[PDB]
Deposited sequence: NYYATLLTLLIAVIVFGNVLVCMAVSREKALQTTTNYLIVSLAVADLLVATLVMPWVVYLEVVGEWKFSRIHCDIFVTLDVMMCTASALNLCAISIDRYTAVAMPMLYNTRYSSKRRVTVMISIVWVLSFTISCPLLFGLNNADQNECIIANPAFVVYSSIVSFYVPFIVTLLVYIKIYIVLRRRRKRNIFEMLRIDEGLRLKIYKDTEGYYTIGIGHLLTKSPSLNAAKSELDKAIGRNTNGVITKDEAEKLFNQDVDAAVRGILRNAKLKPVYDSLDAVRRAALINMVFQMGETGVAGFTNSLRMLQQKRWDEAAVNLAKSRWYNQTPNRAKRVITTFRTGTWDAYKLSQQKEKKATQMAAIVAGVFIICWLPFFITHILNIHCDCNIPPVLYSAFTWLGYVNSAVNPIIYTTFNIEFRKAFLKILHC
């Protein structure tokens, strides 16, 4: 009916979005990065689906059954599985290239490496698909490989779940790595402002503290003050701590500071509103003056919530807080405006996009392999009317990816507008 015309334009927008991505990467040196090279390899898998495969899927909707040779169906199924597996194996290499960038310290060596990855993606995609042409070691095929009971079991495990687990395990490791550095930079930030002390010392208000504003005990008794420290370290403090031990002590101070921020009605919303780095600045304030003290200049706090970065910085400089510790105030206020650690970077934003495509990829195809589980779980025969929608939802992912590139990235965005105009 009229539904055939929607899909052919879906094929057209898949080609529209991806042909842009390929040229845009090779057009500008600023987008010629390891990850973006792996991204065009993903774009080529999304193009070959739209050109080699999706046309036969639309005829199958139009006509309503195969109505072509058995071997044509084998080729069509083999190639359909092959290009979707390239899509998955490309996400896997993208995540791995994101692991290396955040976790490892690279000119000609990057091009020679990415090359090796891309070569693995397609060769393996192919070698995984070759069984479908030779009837999954089942001779007298006598039928399109789709009809083999093992087909859904082979294609689901080998081409989806197993690449899905690995890519997910990498992203977890990436999250852990970024989490250690984010906590590393906080400690490093307050080491610069408060100062790191490794011998027990009387603080401003008289009580004995150590490291970065960690009071051992409100009660002043030196041997008793050692006492609380000894509980913390486990070794005989003897009033002596390592940088490391202080940091371990520091991350505890941060975690306590944060629960109080969320338990504070004046600071819960604004903390929730801010980004990771800007949150480290707000932590710096609570460390310096206390949540009740930071909870003041609500007037200034509204601006940080309203994303008014420039106007919050103008209003913060007006304070007494600036007058007492101007250098520290200016440093922190930059981090509030800049939202970066320049006062005291590139790949954390880029790695957020990588996971974002790997996530919408999964949600786009997830229901398709869900339904296939239900039939294998012998559940009430799943209506085909839905079964077809889930196929296209999976194929829709080919058109969403170039939309995500331009959405969450300025460089693809600018490279795109240059080609059109």
### Query
Counting from 1 along the deposited sequence, which stretches lack C-alpha positions?
106 to 109, 349 to 352, 430
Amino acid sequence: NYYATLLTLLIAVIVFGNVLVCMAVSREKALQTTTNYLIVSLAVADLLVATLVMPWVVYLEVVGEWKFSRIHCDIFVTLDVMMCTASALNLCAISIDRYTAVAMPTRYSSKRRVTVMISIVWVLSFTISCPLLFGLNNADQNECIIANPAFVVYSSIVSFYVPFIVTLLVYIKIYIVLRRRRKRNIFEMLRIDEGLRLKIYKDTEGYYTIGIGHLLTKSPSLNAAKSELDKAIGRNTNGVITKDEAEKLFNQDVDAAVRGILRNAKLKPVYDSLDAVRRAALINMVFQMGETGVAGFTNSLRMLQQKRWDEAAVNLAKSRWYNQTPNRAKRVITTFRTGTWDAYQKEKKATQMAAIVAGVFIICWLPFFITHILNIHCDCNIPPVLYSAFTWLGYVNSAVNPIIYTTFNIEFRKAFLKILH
From here on, numbers count along this sequence of modelled residues.
### Query
With respect to the recorded C-alpha B factors, which stretch has the higher mean value, 238 to 246 or 329 to 337?
238 to 246
### Query
With respect to the recorded C-alpha B factors, which stretch has the higher mean value, 60 to 68 or 376 to 384?
376 to 384
## Note on the structure
In this crystal structure's PDB entry, the residue among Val258, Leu215, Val152, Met83 with the greatest CA B factor is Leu215
### Summary
Per the deposited B-factor column, the C-alpha that peaks among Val166, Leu89, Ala225, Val114 belongs to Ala225
### Message
Splitting the chain's C-alpha B-factors into thirds, which one does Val270 fall into?
### Response
highest
## Note on the structure
Split the chain's modelled residues into thirds by Cα B-factor; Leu301 lands in the middle
### Query
Going by what the PDB entry lists, where does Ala232 fall on CA B-factor within its chain: lowest, middle or highest third?
highest
### Query
Which third of the chain holds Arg182 when residues are ordered by C-alpha B factor: lowest, middle or highest?
middle
### Message
Using the temperature factors of the C-alpha atoms in this entry, rank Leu132 within its chain: lowest, middle or highest third.
### Response
lowest
